[PDB]
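Working notes, structure below.
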Amino acid sequence: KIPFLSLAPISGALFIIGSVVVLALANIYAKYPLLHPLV
Amino acid sequence: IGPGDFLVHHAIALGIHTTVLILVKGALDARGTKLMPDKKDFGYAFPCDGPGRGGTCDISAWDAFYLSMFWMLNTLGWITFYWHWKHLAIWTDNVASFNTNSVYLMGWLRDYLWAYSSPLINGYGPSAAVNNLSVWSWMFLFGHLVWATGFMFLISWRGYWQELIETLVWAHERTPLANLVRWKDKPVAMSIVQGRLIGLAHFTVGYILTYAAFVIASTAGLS
Amino acid sequence: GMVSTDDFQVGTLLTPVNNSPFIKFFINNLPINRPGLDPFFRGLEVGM
Amino acid sequence: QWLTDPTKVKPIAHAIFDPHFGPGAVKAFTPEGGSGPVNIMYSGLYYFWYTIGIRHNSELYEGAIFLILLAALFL
Amino acid sequence: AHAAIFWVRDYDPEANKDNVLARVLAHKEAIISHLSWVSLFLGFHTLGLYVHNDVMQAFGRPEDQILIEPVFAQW
Amino acid sequence: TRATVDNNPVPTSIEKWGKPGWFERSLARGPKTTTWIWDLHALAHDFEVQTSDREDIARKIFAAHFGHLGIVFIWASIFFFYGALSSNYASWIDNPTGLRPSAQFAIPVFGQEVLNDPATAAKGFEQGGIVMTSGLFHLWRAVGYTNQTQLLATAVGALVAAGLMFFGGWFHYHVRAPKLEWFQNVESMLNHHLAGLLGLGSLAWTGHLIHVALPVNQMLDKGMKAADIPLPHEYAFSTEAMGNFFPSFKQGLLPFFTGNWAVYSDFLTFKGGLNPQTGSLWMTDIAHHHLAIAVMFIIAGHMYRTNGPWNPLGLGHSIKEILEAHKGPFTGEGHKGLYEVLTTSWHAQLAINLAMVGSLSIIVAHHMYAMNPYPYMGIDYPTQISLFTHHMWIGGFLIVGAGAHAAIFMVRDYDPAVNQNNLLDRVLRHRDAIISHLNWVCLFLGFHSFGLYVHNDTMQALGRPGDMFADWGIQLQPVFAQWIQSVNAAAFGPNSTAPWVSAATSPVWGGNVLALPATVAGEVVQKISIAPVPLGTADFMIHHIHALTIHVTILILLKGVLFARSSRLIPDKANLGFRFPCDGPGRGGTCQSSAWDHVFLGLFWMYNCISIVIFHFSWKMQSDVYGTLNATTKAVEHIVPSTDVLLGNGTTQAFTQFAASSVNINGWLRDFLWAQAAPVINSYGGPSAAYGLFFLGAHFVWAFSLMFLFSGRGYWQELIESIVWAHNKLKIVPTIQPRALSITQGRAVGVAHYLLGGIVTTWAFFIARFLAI
Amino acid sequence: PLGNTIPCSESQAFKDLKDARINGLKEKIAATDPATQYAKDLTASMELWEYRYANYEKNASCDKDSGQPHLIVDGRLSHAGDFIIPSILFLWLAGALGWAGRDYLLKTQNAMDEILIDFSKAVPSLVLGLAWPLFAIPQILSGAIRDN
Ligand code: CLA
Ligand code: CLA
Ligand code: CLA
Ligand code: CLA
Ligand code: CLA
Ligand code: CLA
Ligand SMILES: CC(C)=CCC/C(C)=C\CC/C(C)=C\CC/C(C)=C/CC1=C(C)C(=O)c2ccccc2C1=O
Ligand SMILES: CC(C)=CCC/C(C)=C\CC/C(C)=C\CC/C(C)=C/CC1=C(C)C(=O)c2ccccc2C1=O
């Protein structure tokens, strides 16, 4: 257990921020899709 | 039918299901729970069991009726909002307005709620003389007033009004020419369940008259 | 000096709005309080 | 009068006696060819009464008499 | 309402021993928690698709909104 | 005196960071339920329930002040970085009237770049941007910023100042902390917040205006561009450069020491109102202002007596002798005790101080539209609506907190031995008369303002426009307010009551419509910054609405204060505390009897008050002040047009839209709230599309509040009993117990979301309306 | 071509919204300086939007009348990317989060571990969340707990 980053707001809020950044770069890399392309 | 139709049918399923959640919850928990395992001895309508055990506000089955009433009004608002906009878009030869703007909620605010208010709120005005829709204009503002008057009883609760009526009782008994006139029933604040029920009755009456005024004056003011 | 109470349990204050002698002469000789008057005449003068 | 042209002249619910009305509202709730202010019916009773076969105000009057006496029978 | 009024005033668990009414009193948390799941389900997704459609009309992109034909009711 | 300070009370460690809730005894046992989580947040700044020692309490408050001044310097640095890196300030300084001010863009990601307004696109800032409404750039032009690197230097200096305030907090709490005897010498702290904080602050600000801000604004008004001098028109070595701008007296600071003051009558003037060229206050009047109040604040800090090793110094006043000298026969023993009140209670001081700073922010909101301080500021209409609306809302919030901490004093720090026969005691002896008479005057104001509005709705609906309380019907003329407009308009000339004034107090009193050069695409001069603001029947009515809403907010908060300790219902309410939900369903029901609940109710009534104030301002400024001069024959065309009111005889009469339509609720609904919301709902796909999204989201948050406001927690707790059953059936068992929210905290969540949703709806509406026209 | 539904390859209104967006973009490039970071962003938006309308073209998105792409959800394999692939993606990542949190509760059972997150027992909970069906299916086939 490390100081100040093991706390639930920091661990939680960096999970929301890391998720929206990885989702965001998934939207750049897959060019903001509406669906999945099959063809 | 198309995708705004899809979205508002899921809103309808949402409204009916949440209203069923509050009501089946108020039916089956009415005899007893873990917060209150002897609730059936206290009847249908009672305020609470007080601030202990964390606090017991709105614990009666009457209160889950009471809270499901707002959800029924919101549900049936979504139903008649749907019926009204889809039919007014048919009746004004503008079905592309519904098929484009019913999928997003500024279309509901703008192209239904703001757009069709125009013959209603011009029922009376300073520059144009009145027409037959001035009574629905006055009923529209009346229902806004009654609905918002409900919010006083819904938000502000009892012991403020009991202390305020105690100052009023002091003011009457020390005013000359007027302490010679006495009440027979002692002025008290309305009860807890009474404050809920009167706030619901105002909310509900204002809801019905506001929507009835709009659904009649907007459709009669198409021409 | 101006504000006394003369029965301090009773929730009232004896104040120059309350206890000035011409205000007591006015209020105590308004027709509902003026002595020697049958209630009908008190009502009559209040009505007029 | 509504039976002669069903499609343009509006059903009338009842006529208005409000002493609060000024001249604008008296002209407003009066239709064309009307002798005073009325309420335009939006409950659909004229279409109901046409489809069940009422064509006269005297049939509406005997309907009124029959429902008052039927209510008196239930009381 | 009068369902809950029945529950407080008129229900007897002894005459209704292990009939269907006592069994849905017995597993009441299943019915309430599953109505809770249906309500949260419909709300999260209906509000999310609506607010998506709001953001896409806000961002100048009407052809990026999520549009689902109701295929079951047209069937 | 003597600054008696202890050394090292608290060691600097990390050991309490791993233990949340250390500061209160029930929180220190560990989380068992979820209410601990909310009890962790509600008790974090309540230092009086953490430790019982008032000295340590005062040190916690002091270090909290340094940390707050640090965070305010971080915010100050944040808008200085945004004005210094990604702004159009290098091109806004050359076009303050045709270029919309911006210091923020939206980056090329998710389609948000339609939010970039192309009326902010200029050189350097060639992307478009978010138009701001704070008026930072006009402040910055008035104090002399012509360059973005010195804005960067201010940004770095504000971060250094934030670091200094944090090191001051850590030093004055953890290393070397003051005692309780240091805080209670209120005489010296008043003497050094008047003469030193306000006095030398505005004296040094007068120094800034004279050396920097008056010459740079004279160069910007005489027509030269951003290529300026910032270092060679200063100091001793270019003293003659003070003579090249506006003639620095005869020679140097020699006529300051010799006493001939009249040769400085060129950059310390008393000319009067607003400048016609820039629409704002004359900068010489601003400098002579801050110097005269600077002087009178150094006189103000010479009042209270301080004794020490200074020999002849030590003449003056003790505050206690002044307070115990004012007795009266009506008021018993007067202000005795109030010195001990205000030197031992923090909540009483905070109640006075929140009342004064909230009142002062409301005062600020009036006087900055009324006198425009900054160049070309009054023509940028989103900034005018936004700063009036901002300072009104901040003022109302601090007045509700004033009522809050007055009631918190009355719960916690009231001592009956100190408050024997003083004003504070005898207010509590006739609290029924105060609250009942207040209840009567709120009823009178509500009937005789709102029933007038309801009467106007009724008579306009019934076809009786002459029966209306209006300027064309039953006239309600504000004859006292119109007479004070005539007095403040008339008091400038020769043979008046202020003989040496050229251009009066303000043009709002009844003198002249003032207009400014601006582009607006390819148009002509137009742009009324300021005009006379006439008062009629609608102003009578809206001001009695304002008196109503102020008086009900007083009634709620003051009934919270005087009935905090006891009532006829609950005589032991102070033992129940400031913040309790109720005392049970008995005595009929005692719901919302605590004084906290009166802060909770007074928050919505403050919402009512300030919302009708900013609604009056939006429609009023829009209907009678703001607008356009026509290119043919200089005719005034306002932002909303004039209304030809149909009279009862058949003819019309021209009124403005506030004078015609703001007399009933139908015109407020239609011509104000339906008509001007057309640019917040049509804003999609463009630069104001976020304000549409904030409008809809704030409608959501406002309606989301009413779940918490209209319901209560026993419903939610037996619902969470069913959801906890669903979790225990699938072996998903939290040790922290899922609870319903408490009654007080559910009320707090509801008032927070009601306030957030309504004020952000109204913010979105104001900015998205005022960017359009 | 379903009800109120034609594909993108024969839709007139999709061509209208398409060439309306591409034309409004090309006079947005054509009136600006191509070396000022605005116009490079518009050419990136132009290339991005050409392949966005081309991907709506080539995988049979469906429009009719109003021209925007209408998603058909039945379980059709031609329209498999409408619902079925983000279904499997949602059940994978949401079962990862739910199973990771559930396993974190089953290994901690402690009140300090919920507000103060133990990463050494939270990140491998997330790793077994990334393979949650192999640990979740035979506990469905076994049973959870006896409570009423
Ligand atoms: C009354 C209000 C209330 C409140 C305040 C809470 C509060 C809480 N609940 Mg809860 N709960 C409630 C009601 C409430 N509950 C109700 C009504 C129910 C239904 C019965 C539940 C059932 C419930 C369950 C089942 C659980 C909680 C848990 C929690 C805790 C969550 C901690 C957290 O969010 O950080 C989140 C921490 C993480 C996400 C850790 C991962 C972070 C990584 C390691 C950081 C590294 C990532 C890096 C930055 C890169 C980012 C990229 C990314 C994509 C990976 C929290 C204290 C959970 C808990 O116990 O804590 C774990 C839990 O499992 N609750
Ligand atoms: C980008 C799109 C999107 C977004 C933002 C969401 C967001 C959400 N969904 Mg969701 N969903 C989506 C697409 C999306 N969904 C699609 C396309 C489908 C169709 C397959 C679903 C089907 C779905 C289900 C069944 C549920 C959600 C639920 C939720 C909510 C919490 C889920 C969570 O991970 O928390 C953390 C994870 C947990 C708390 C536990 C994981 C539980 C998962 C979601 C279900 C797995 C259980 C079981 C294996 C399958 C259920 C049987 C089912 C066939 C009925 C959340 C707001 C939940 C909800 O709405 O609450 C009522 C929920 O039960 N969604
Ligand atoms: C529940 C309702 C809902 C649903 C179903 C959607 C659905 C969608 N939105 Mg949306 N949105 C919503 C609510 C919703 N939104 C709300 C409420 C808002 C307001 C905040 C928005 C604002 C919004 C914007 C501004 C945009 C979207 C976009 C999208 C689309 C693309 C998402 C995507 O595929 O990424 C890509 C997915 C992949 C490439 C799959 C790979 C996933 C990797 C492997 C993991 C990433 C998942 C996650 C980060 C977990 C971490 C895993 C960990 C192991 C690292 C998608 C159809 C975008 C769009 O273009 O619309 C068409 C977009 O521009 N949304
Ligand atoms: C100089 C200003 C000042 C100071 C120093 C205090 C100090 C204090 N107040 Mg107070 N108050 C103030 C002004 C001030 N107040 C104002 C202006 C109001 C009117 C709103 C109030 C009304 C008030 C009440 C009703 C109470 C206090 C209480 C307290 C005490 C503890 C509060 C606490 O623990 O923090 C805790 C802080 C929180 C839990 C934050 C609450 C959530 C905030 C408000 C939401 C923020 C939203 C944000 C602004 C905008 C949205 C952003 C979001 C979307 C991310 C503390 C002594 C409490 C007490 O018990 O007194 C002893 C209490 O009962 N105050
Ligand atoms: C629109 C809704 C609404 C209305 C009309 C009111 C009205 C009132 N509030 Mg309330 N309040 C509200 C919402 C509302 N509130 C909400 C949401 C809250 C929650 C925060 C509160 C909380 C609150 C508190 C805590 C207090 C009030 C007080 C008052 C009274 C103020 C006195 C006054 O204005 O004079 C006159 C009355 C009016 C302006 C109401 C309209 C009167 C119409 C125009 C006259 C009708 C004519 C005639 C009588 C009709 C006869 C017809 C016949 C058939 C019956 C007043 C009766 C305060 C009080 O009691 O002080 C005296 C008090 O302290 N309110
Ligand atoms: C370990 C986390 C966890 C898991 C496995 C579940 C699982 C479940 N929940 Mg629950 N819940 C949780 C957390 C969790 N929840 C939290 C934190 C809250 C407070 C917001 C709730 C509030 C809640 C309600 C009101 C309901 C459920 C319901 C349900 C059941 C139906 C599926 C669903 O509706 O999803 C819905 C999920 C949510 C509404 C919560 C959103 C997702 C949370 C935030 C995930 C927690 C993340 C956690 C911190 C991760 C830790 C990682 C770890 C490695 C450190 C299902 C078994 C429903 C039910 O009773 O079904 C019969 C029901 O109505 N949940
Ligand atoms: C026989 C008969 C009925 C004659 C007519 C008698 C006559 C002349 C007028 C009819 C009375 C009227 C008009 C008002 C009195 C009602 C009242 C005590 C309101 C204060 C009050 C408010 C405002 C709340 O929000 C609230 C919320 C929750 C619990 C309690 C309360 C509460 O108590
Ligand atoms: C990083 C981050 C943001 C983490 C979030 C932390 C995590 C994971 C969960 C936190 C749970 C959350 C977000 C909310 C719970 C609030 C709740 C149990 C509300 C039910 C409730 C309602 C709806 C009322 O109206 C009401 C009215 C009057 C009295 C009581 C109540 C009441 O109790």
Side-chain angles (χ1 to χ4, degrees), chain B residues 1-34 38-46 60-66 68-69 71-72 74-75 78 99-111, chain E residues 1-13 16 20-75:
Chain B
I1 60 171
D5 291 307
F6 161 92
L7 286 172
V8 61
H9 281 274
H10 285 84
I12 283 184
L14 181 61
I16 297 169
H17 275 94
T18 311
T19 289
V20 175
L21 169 46
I22 310 151
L23 287 162
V24 182
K25 189 269 183 182
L28 307 184
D29 275 6
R31 284 169 83 52
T33 47
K34 187 180 289 293
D38 65 345
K39 184 204 305 203
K40 67 181 178 67
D41 291 331
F42 297 90
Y44 182 51
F46 61 94
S60 45
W62 190 99
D63 287 305
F65 179 76
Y66 157 75
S68 66
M69 275 306 285
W71 254 107
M72 176 285 291
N74 168 76
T75 312
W78 287 345
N99 292 348
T100 300
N101 316 289
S102 61
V103 297
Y104 72 94
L105 287 158
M106 194 87 90
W108 275 93
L109 181 68
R110 185 177 65 246
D111 291 331
Chain E
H2 292 268
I5 301 183
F6 153 86
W7 284 119
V8 297
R9 291 153 154 240
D10 283 356
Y11 183 60
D12 166 39
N16 291 286
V20 294
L21 179 62
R23 294 178 65 88
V24 310
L25 208 58
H27 70 295
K28 71 174 172 203
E29 304 80 14
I31 311 157
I32 308 173
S33 66
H34 275 62
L35 288 158
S36 168
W37 165 94
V38 176
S39 300
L40 288 183
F41 198 41
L42 288 163
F44 289 146
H45 298 66
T46 318
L47 175 55
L49 295 176
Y50 264 121
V51 162
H52 180 298
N53 288 358
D54 289 328
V55 185
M56 296 307 82
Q57 296 294 322
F59 277 3
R61 326 193 271 131
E63 68 275 16
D64 274 23
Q65 280 180 315
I66 283 153
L67 278 297
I68 303 140
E69 293 293 328
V71 177
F72 309 148
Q74 65 183 356
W75 178 86

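Chain naming here is simple, since letters A, B, ... match the order of the sequence lines and numbering starts at 1 in each.
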Residue [X] versus chain B: region with a heavy atom under 4.5 Å:
X	answer
E/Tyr11	both
E/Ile31	side chain
E/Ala73	both

Minimum heavy-atom distance between [X] and [Y], given as atom pair plus value:
X	Y	result
E/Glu69	B/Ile1	OE1-O, 3.8 Å
B/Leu28	E/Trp7	CD2-CZ2, 3.7 Å
B/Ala30	E/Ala4	CB-O, 4.1 Å
E/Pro70	B/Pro3	CD-N, 4.3 Å

Item to check | Residue part contacting chain E, namely of B/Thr19, when any heavy atom lies under 4.5 Å | outcome: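 For B/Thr19, no heavy atom lies under 4.5 Å from chain E.
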Item to check | Atom group of B/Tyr44 that falls short of 4.5 Å from chain E, counting heavy atoms | outcome: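 It is both, since atoms from each part get that close.
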Checklist entry - Can you list the steps and then say if E/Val38 with B/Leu14 is a side chain to side chain contact (heavy atoms under 4.5 Å, CB included)? => result CA-CA 8 Å; E/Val38 176; B/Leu14 181 61; over 6 Å; no
Straight-line distance of [X] [atom1] to [Y] [atom2], nearest 0.5 Å:
X	Y	atom1	atom2	result
B/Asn99	E/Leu67	CG	CG	10.0 Å
B/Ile16	E/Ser39	CD1	OG	11.0 Å
B/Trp108	E/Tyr50	CH2	OH	6.5 Å

Checklist entry - Picking from E/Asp54, E/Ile5, E/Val8, E/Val55, which has the most non-hydrogen pairs under 4.5 angstrom with chain B? => result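 Winner by heavy-atom pair count: E/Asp54.
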Item to check | Leading residue by heavy atom contact count with chain B [cutoff under 4.5 Å; candidates E/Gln65, E/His52, E/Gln57] | outcome: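 Most heavy-atom pairs within the cutoff with chain B belong to E/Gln57.
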Next on the checklist: Would you say that B/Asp29 contacts E/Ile32 through its side chain, given a criterion of any heavy-atom pair below 4.5 Å between the two side chains?
Outcome noted: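 Yes, close enough: below the 4.5 Å cut-off.
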Next on the checklist: What I'd like to find out is whether the side chain of E/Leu25 reaches to under 4.5 Å of the side chain of B/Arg31, using heavy atoms alone.
Outcome noted: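 The answer is yes, as the side chains (C-beta and beyond) meet within the 4.5 Å cut-off.
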